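Raw contents of model.cif, mmCIF, C-alpha atoms; chains and numbers go by the auth columns:
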```
data_target
loop_
_atom_site.group_PDB
_atom_site.id
_atom_site.type_symbol
_atom_site.label_atom_id
_atom_site.label_comp_id
_atom_site.label_asym_id
_atom_site.label_seq_id
_atom_site.Cartn_x
_atom_site.Cartn_y
_atom_site.Cartn_z
_atom_site.B_iso_or_equiv
_atom_site.auth_seq_id
_atom_site.auth_asym_id
ATOM 1 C CA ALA A 1 -10.859 -72.037 39.033 0.00 22 A
ATOM 2 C CA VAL A 2 -12.365 -69.347 41.254 0.00 23 A
ATOM 3 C CA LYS A 3 -9.181 -67.327 41.717 0.00 24 A
ATOM 4 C CA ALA A 4 -8.195 -68.145 38.136 0.00 25 A
ATOM 5 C CA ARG A 5 -11.258 -66.212 37.056 0.00 26 A
ATOM 6 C CA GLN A 6 -10.523 -63.498 39.661 0.00 27 A
ATOM 7 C CA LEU A 7 -7.096 -62.868 38.235 0.00 28 A
ATOM 8 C CA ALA A 8 -8.485 -63.224 34.707 0.00 29 A
ATOM 9 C CA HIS A 9 -10.718 -60.281 35.492 0.00 30 A
ATOM 10 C CA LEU A 10 -7.841 -58.454 37.137 0.00 31 A
ATOM 11 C CA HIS A 11 -5.501 -59.019 34.203 0.00 32 A
ATOM 12 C CA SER A 12 -8.142 -57.818 31.758 0.00 33 A
ATOM 13 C CA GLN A 13 -8.808 -54.772 33.945 0.00 34 A
ATOM 14 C CA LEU A 14 -5.183 -53.776 34.356 0.00 35 A
ATOM 15 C CA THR A 15 -4.289 -54.493 30.721 0.00 36 A
ATOM 16 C CA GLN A 16 -7.073 -52.418 29.320 0.00 37 A
ATOM 17 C CA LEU A 17 -6.460 -49.864 32.062 0.00 38 A
ATOM 18 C CA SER A 18 -2.930 -49.241 30.811 0.00 39 A
ATOM 19 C CA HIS A 19 -4.349 -48.978 27.306 0.00 40 A
ATOM 20 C CA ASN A 20 -7.075 -46.550 28.328 0.00 41 A
ATOM 21 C CA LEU A 21 -4.732 -44.365 30.354 0.00 42 A
ATOM 22 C CA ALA A 22 -2.335 -44.117 27.422 0.00 43 A
ATOM 23 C CA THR A 23 -5.246 -43.122 25.194 0.00 44 A
ATOM 24 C CA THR A 24 -6.503 -40.672 27.805 0.00 45 A
ATOM 25 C CA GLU A 25 -3.397 -38.740 28.755 0.00 46 A
ATOM 26 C CA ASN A 26 -1.734 -38.570 25.336 0.00 47 A
ATOM 27 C CA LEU A 27 -4.724 -37.730 23.212 0.00 48 A
ATOM 28 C CA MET A 28 -6.204 -35.397 25.821 0.00 49 A
ATOM 29 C CA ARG A 29 -3.103 -33.216 26.015 0.00 50 A
ATOM 30 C CA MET A 30 -2.839 -33.320 22.234 0.00 51 A
ATOM 31 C CA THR A 31 -6.457 -32.353 21.691 0.00 52 A
ATOM 32 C CA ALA A 32 -6.162 -29.528 24.219 0.00 53 A
ATOM 33 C CA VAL A 33 -3.395 -28.046 22.120 0.00 54 A
ATOM 34 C CA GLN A 34 -5.467 -28.668 18.986 0.00 55 A
ATOM 35 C CA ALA A 35 -8.401 -26.914 20.611 0.00 56 A
ATOM 36 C CA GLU A 36 -6.488 -23.748 21.369 0.00 57 A
ATOM 37 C CA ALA A 37 -5.069 -23.798 17.849 0.00 58 A
ATOM 38 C CA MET A 38 -8.526 -24.019 16.343 0.00 59 A
ATOM 39 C CA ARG A 39 -9.677 -21.309 18.745 0.00 60 A
ATOM 40 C CA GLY A 40 -7.182 -18.745 17.556 0.00 61 A
ATOM 41 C CA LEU A 41 -7.739 -19.851 13.974 0.00 62 A
ATOM 42 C CA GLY A 42 -11.468 -19.336 13.949 0.00 63 A
ATOM 43 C CA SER A 43 -11.159 -16.100 15.875 0.00 64 A
ATOM 44 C CA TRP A 44 -8.791 -14.702 13.277 0.00 65 A
ATOM 45 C CA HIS A 45 -11.127 -15.629 10.457 0.00 66 A
ATOM 46 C CA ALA A 46 -14.066 -14.226 12.366 0.00 67 A
ATOM 47 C CA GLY A 47 -12.359 -10.874 12.643 0.00 68 A
ATOM 48 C CA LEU A 48 -11.442 -11.133 8.966 0.00 69 A
ATOM 49 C CA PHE A 49 -15.072 -11.324 8.030 0.00 70 A
ATOM 50 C CA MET A 50 -15.811 -8.561 10.565 0.00 71 A
ATOM 51 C CA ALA A 51 -13.464 -6.252 8.730 0.00 72 A
ATOM 52 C CA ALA A 52 -15.046 -7.345 5.463 0.00 73 A
ATOM 53 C CA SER A 53 -18.393 -6.236 6.836 0.00 74 A
ATOM 54 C CA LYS A 54 -16.936 -2.861 7.760 0.00 75 A
ATOM 55 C CA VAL A 55 -15.414 -2.701 4.276 0.00 76 A
ATOM 56 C CA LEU A 56 -18.940 -2.975 2.906 0.00 77 A
ATOM 57 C CA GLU B 1 23.217 20.879 -61.792 0.00 49 B
ATOM 58 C CA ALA B 2 25.329 19.655 -58.918 0.00 50 B
ATOM 59 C CA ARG B 3 23.418 22.043 -56.652 0.00 51 B
ATOM 60 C CA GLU B 4 20.179 20.275 -57.535 0.00 52 B
ATOM 61 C CA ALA B 5 21.772 16.937 -56.667 0.00 53 B
ATOM 62 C CA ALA B 6 22.911 18.352 -53.337 0.00 54 B
ATOM 63 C CA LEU B 7 19.439 19.829 -52.810 0.00 55 B
ATOM 64 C CA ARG B 8 17.608 16.573 -53.447 0.00 56 B
ATOM 65 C CA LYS B 9 20.074 14.495 -51.435 0.00 57 B
ATOM 66 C CA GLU B 10 19.785 16.987 -48.579 0.00 58 B
ATOM 67 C CA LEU B 11 16.013 16.689 -48.643 0.00 59 B
ATOM 68 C CA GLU B 12 16.256 12.896 -48.828 0.00 60 B
ATOM 69 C CA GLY B 13 18.533 12.499 -45.824 0.00 61 B
ATOM 70 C CA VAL B 14 16.801 15.138 -43.734 0.00 62 B
ATOM 71 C CA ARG B 15 13.385 13.774 -44.662 0.00 63 B
ATOM 72 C CA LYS B 16 14.461 10.280 -43.617 0.00 64 B
ATOM 73 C CA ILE B 17 15.552 11.825 -40.354 0.00 65 B
ATOM 74 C CA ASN B 18 12.227 13.667 -40.105 0.00 66 B
ATOM 75 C CA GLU B 19 10.237 10.491 -40.682 0.00 67 B
ATOM 76 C CA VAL B 20 12.280 8.705 -38.038 0.00 68 B
ATOM 77 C CA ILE B 21 11.674 11.698 -35.767 0.00 69 B
ATOM 78 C CA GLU B 22 7.939 11.581 -36.410 0.00 70 B
ATOM 79 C CA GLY B 23 7.847 7.921 -35.475 0.00 71 B
ATOM 80 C CA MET B 24 10.026 8.671 -32.458 0.00 72 B
ATOM 81 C CA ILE B 25 7.734 11.385 -31.106 0.00 73 B
ATOM 82 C CA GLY B 26 4.760 9.120 -31.691 0.00 74 B
ATOM 83 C CA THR B 27 6.554 6.380 -29.774 0.00 75 B
ATOM 84 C CA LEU B 28 7.259 8.777 -26.939 0.00 76 B
ATOM 85 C CA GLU B 29 3.686 9.992 -26.675 0.00 77 B
ATOM 86 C CA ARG B 30 2.465 6.405 -26.734 0.00 78 B
ATOM 87 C CA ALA B 31 4.871 5.706 -23.905 0.00 79 B
ATOM 88 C CA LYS B 32 3.524 8.797 -22.156 0.00 80 B
ATOM 89 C CA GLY B 33 0.073 7.283 -22.153 0.00 81 B
ATOM 90 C CA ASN B 34 1.548 3.956 -21.071 0.00 82 B
ATOM 91 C CA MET B 35 3.272 5.561 -18.120 0.00 83 B
ATOM 92 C CA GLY B 36 0.028 7.292 -17.231 0.00 84 B
ATOM 93 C CA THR B 37 -1.682 3.913 -17.141 0.00 85 B
ATOM 94 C CA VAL B 38 1.204 2.551 -15.099 0.00 86 B
ATOM 95 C CA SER B 39 0.863 5.316 -12.546 0.00 87 B
ATOM 96 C CA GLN B 40 -2.873 4.769 -12.255 0.00 88 B
ATOM 97 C CA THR B 41 -2.318 1.028 -11.909 0.00 89 B
ATOM 98 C CA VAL B 42 0.141 1.304 -9.067 0.00 90 B
ATOM 99 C CA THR B 43 -2.050 3.937 -7.439 0.00 91 B
ATOM 100 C CA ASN B 44 -4.911 1.491 -7.371 0.00 92 B
ATOM 101 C CA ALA B 45 -2.592 -1.240 -6.156 0.00 93 B
ATOM 102 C CA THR B 46 -1.546 0.933 -3.256 0.00 94 B
ATOM 103 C CA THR B 47 -5.183 1.637 -2.481 0.00 95 B
ATOM 104 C CA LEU B 48 -5.991 -2.047 -2.347 0.00 96 B
ATOM 105 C CA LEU B 49 -2.992 -2.691 -0.164 0.00 97 B
ATOM 106 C CA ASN B 50 -4.160 0.002 2.203 0.00 98 B
ATOM 107 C CA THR B 51 -7.573 -1.626 2.273 0.00 99 B
ATOM 108 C CA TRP B 52 -5.892 -4.855 3.221 0.00 100 B
ATOM 109 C CA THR B 53 -3.947 -2.992 5.890 0.00 101 B
ATOM 110 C CA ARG B 54 -7.072 -1.660 7.496 0.00 102 B
ATOM 111 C CA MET B 55 -8.627 -5.088 7.161 0.00 103 B
#
```
Structure re-expressed in structure tokens:
Amino acid sequence: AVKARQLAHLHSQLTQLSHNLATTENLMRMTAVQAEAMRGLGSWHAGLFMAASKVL
Amino acid sequence: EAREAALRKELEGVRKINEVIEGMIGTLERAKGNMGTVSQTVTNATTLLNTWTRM
């Protein structure tokens, strides 16, 4: 009973650990790429409006 | 007289030609104005494109 609960905790930990690490690594790398994409995107549009201001 | 027939037919043919000529010159001058508009249009287009370039 005692160790059954110990390993129940351990199995839950490790199971959800694998899940969380998958979530973590994959989506983090993905979002980092997404972040730099959005960075360059917004910067380009910012400069677009800058040139519009100079056009005025 | 046959000369009068030749006279009138000469005037008829040449006058038809003259009327066609009058319409032709009018067509050409209309096209002249059209081409002027065309030139102005493309000039403005180029200007806008240059504005985009600087932008």
message = Show me, as an NGL selection string, the residues that have an atom within 10 Å of residue 72 of chain A when counting all atoms listed in the file, minus same-chain residues fewer than 3 positions from it.
response = (:A and (66-69 or 75-77)) or (:B and (99-100 or 102-103))
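For the pair atom CA of residue 72 of chain B and atom CA of residue 52 of chain B, the separation is 29.4 Å.
Counting from atom CA of residue 49 of chain A, the distance to atom CA of residue 35 of chain A is 20.3 Å.
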message = Considering all atoms listed in the file, can you say which of A:27, A:55, A:74, A:64 comes closest to chain B?
response = A:74
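Rounded to one decimal, atom CA of residue 73 of chain A and atom CA of residue 96 of chain B lie 13.1 Å from each other.
Residue nearest chain A within the list B:73, B:90, B:67, B:98: B:98 [criterion: smallest interatomic distance, all atoms listed in the file].
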